[PDB]
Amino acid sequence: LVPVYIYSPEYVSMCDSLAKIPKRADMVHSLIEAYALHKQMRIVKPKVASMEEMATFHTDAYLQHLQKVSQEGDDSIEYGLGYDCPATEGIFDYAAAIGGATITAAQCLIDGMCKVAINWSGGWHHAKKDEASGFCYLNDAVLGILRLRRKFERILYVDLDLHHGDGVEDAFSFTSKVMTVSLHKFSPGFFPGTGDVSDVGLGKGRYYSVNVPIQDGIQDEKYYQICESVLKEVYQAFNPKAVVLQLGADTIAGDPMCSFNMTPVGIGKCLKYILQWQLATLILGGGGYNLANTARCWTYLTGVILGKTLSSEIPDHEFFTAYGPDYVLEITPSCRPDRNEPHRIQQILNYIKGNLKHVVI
């Protein structure tokens, strides 16, 4: 079975319509297209999310506000839209397209159309039920998981974005049918502030939330050791039936965030380990603010999913000029120190290992 690739020219243009991260969705698809990887996948046109589908997580008051300002424009209520005053009218359609695409990919998984479904323009994990947050206006990850819960009894959410996927974790904080695992930078003052190793969920969902606080400057080898160690324990204890994987590329060297020092090869190993489970897997994007590097990463990861080694030279295409001055696919880690102490890392792993002992199905 070939991977499902959620794409349409109308979808890509809609994903860039807010211009929060200028033409990233187009650059990502164009590079994938330039390597002709789409030829090896099953292209699926995304459906648009209805009001009811989006309301499975987001409140009516929030959604109705987005639809209203799409029609009329912006003591007003706080929905986290204070940075979009010049243009709020396109947010509702953006959210509906983002939401619909991830739901579509999830439905493909349910229908048995594939084992892997890809939506690189999704993975907006910060959005709350009643407010936007961190460039996330709608949490498609939550909508995707909720859709998969119709078919699969236990869902594992893995968030490899630089930031803590607080929106997704809070959505399922009280349930034990969905386990969230997040690897992220954790430091006083760093967005979004949550996701300490001691945060393990609430009520029936206690110990069904896993957080791995990491410090600046981590590289491929250390990251994969940490990630494999956690996933190994999580898989054995929770025994997931489906996986939703968020692959925010703002961990990659060269990103304006300038925190982690990763390359796409390191992320690719984590992905390879997850794919090894051969479970129904929903692949999502997320953060990534070095445009060319994000296209580089997600194109490489697409190659990993297809089990193909791409040529090192960036092929000529629409955005070829943006890949200078090297014009290659490989990304070189920065000359920046690793702030992660080995003893602290082992403590965290042991702490999590203790937590997962409580998890028994």
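Start at 1 with the first residue shown and count on from there.
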How many missing residues of the deposited sequence lie between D170 and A171 in the entry, grouped as none, 1 to 3, 4 to 9, or 10 or more?
none
Given the B-factors recorded for C-alpha atoms, which segment has the greater mean, 76-84 or 191-199?
76-84
Stretch with the greater mean C-alpha B-factor as recorded in the entry, comparing 111-119 against 156-164
111-119
Residue of maximum C-alpha B factor among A292, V328, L301, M51, per deposited coordinates:
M51
Among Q225, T180, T102, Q246, highest Cα B-factor in the entry goes to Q225
Test of reading the entry: by CA B factor among the chain's modelled residues, which third contains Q219?
lowest
By the entry's values, the third containing the CA B factor of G266 is the lowest
Tell me, lowest, middle or highest third: where does the Cα B factor of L356 rank within its chain?
middle
Using only modelled residues of the chain, where does the Cα B factor of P333 rank: lowest third, middle third or highest third?
lowest
Which third of the chain does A25 land in by C-alpha B-factor: lowest, middle or highest?
lowest
